[PDB]
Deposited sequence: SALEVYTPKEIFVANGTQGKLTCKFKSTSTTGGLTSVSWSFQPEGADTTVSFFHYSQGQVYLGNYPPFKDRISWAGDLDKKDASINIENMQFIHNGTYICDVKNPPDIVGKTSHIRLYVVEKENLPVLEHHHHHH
């Protein structure tokens, strides 16, 4: 199992961010995706998205409320998500955790939200 994420992305604030994850494995089925956020300059990460068995589940982290949508296809080995209307509180590191049975692999994105001016 191999997981790719771009190292960094810059997103103009107020626009949609596309958090790309592509992975490599021998195989939908039992594979699961989880995304996590680590706010910049903080010590903690919040897991906010989980996908498995054709179902999207969301955490209750307020800054991501009504902003998160699935943009992947596990058959095409794509674990991506979109975040609407990104703002500065969304600066930080995003971490994708992919599990393909037969634990799991992770890749990090440093997301920079930029001033739209």
Expected output for missing-CA ranges on the deposited sequence is 1-2, 30-31, 107-108, 124-135
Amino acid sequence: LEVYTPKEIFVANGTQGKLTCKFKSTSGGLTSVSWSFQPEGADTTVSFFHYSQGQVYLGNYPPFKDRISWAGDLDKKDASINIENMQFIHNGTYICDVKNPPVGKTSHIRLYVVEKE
From here on, numbers count along this sequence of modelled residues.
Higher avg CA temperature factor (103-111 vs 16-24, as deposited) belongs to 103-111
Of 40-48 and 61-69, the stretch with the higher mean C-alpha B-factor in the deposited entry is 40-48
From 80, 34, 53, 91, the top C-alpha temperature factor is at 53
